[PDB]
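Only one chain comes next, encoded as structure tokens, the form deposited in one PDB entry.
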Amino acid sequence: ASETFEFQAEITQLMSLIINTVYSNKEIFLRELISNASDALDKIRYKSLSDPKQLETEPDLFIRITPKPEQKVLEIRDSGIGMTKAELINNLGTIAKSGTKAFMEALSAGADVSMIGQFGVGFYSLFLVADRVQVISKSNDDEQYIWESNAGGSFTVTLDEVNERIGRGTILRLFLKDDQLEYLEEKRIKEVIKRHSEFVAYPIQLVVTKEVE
């Protein structure tokens, strides 16, 4: 039973504007999500400093990008701290985010959309290339949950009984817009990663599916 929640008004505004913007450097969404993933891993790593057990649900700290061309889906996974149901609701929607309005104001002023991450709202940059997103998260402190949004004013959080078990972490499953399917390509993903994510403490793995010759 998927629970539905309302996005804080400003977040909804931000999403509508992001998903509708003509911005030409949409690739920054990946830098933003890799950065977030990186942050999630930092959290779990730091947390595990005084609670090593926290790493055992998924010993490997990594960021994995998995293109699912057939579904026009791009997944960015991290074995970071993950988010509990409450955290998904809290962090990804209902709670007013510090910079949401500020960033939008910045944008109005001419700020580059790539500044989104500095306003703490980079997560939403995903709507630059996706019109729908499922944040599948497994926090050590909770079951696996699916937070899903289509940039609309409400999002759902559903106990995850349909996706692969995340030992711990988050999978941002991006349902790419039809004109952004370039991010399903290994070469493209590869170049975007090297361009904006040169300094990431965690291995960034790209899952490539190739037909055996």
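For the two forms, the rigid core is made up of the largest set of C-alpha atoms that agree within 1.5 Å on superposition. Counting begins at 1, following the sequence as shown.
Larger root-mean-square CA separation from the shown form, computed after a rigid core fit of the structures in 5 other deposited structures of this protein, is seen for 90 to 98 when 90 to 98 is set against 127 to 135. Look at the C-alpha B-factors of 48 to 56 and of 173 to 181. On average they run higher in 48 to 56. Comparing the deposited coordinates for 183 to 191 and 33 to 41, the stretch with the larger average C-alpha B-factor is 183 to 191. When the Cα B-factors of 77, 138, 132, 101 are read from the PDB record, 101 comes out highest. In the deposited coordinates, the residue among 94, 118, 125, 84 with the greatest CA B-factor is 94. In the deposited entry, the Cα temperature factor of residue 70 sits in the top third of values across the chain's modelled residues.
What comes next is about the form solved in complex with a small molecule, which is not displayed.
Only one segment in the set 66 to 74, 183 to 191, 167 to 175, 51 to 59 has any non-hydrogen atom within 4.5 angstroms of the small molecule in the bound PDB entry, and it is 167 to 175. Although the partner is absent from this view, residue 81 contacts the small molecule in the bound PDB entry, with a non-hydrogen atom inside 4.5 angstroms. Using a 4.5 angstroms limit between non-hydrogen atoms, residue 131 is distant from the small molecule in the bound PDB entry. In the bound PDB entry, at least one heavy atom of residue 36 sits within 4.5 Å of the small molecule.
Contact between residue 141 and the small molecule in the bound PDB entry is not found at the 4.5 Å heavy atom cutoff. Looking at the small molecule in the bound PDB entry, residues 20, 104 and 151 place no heavy atom within 4.5 Å of it.
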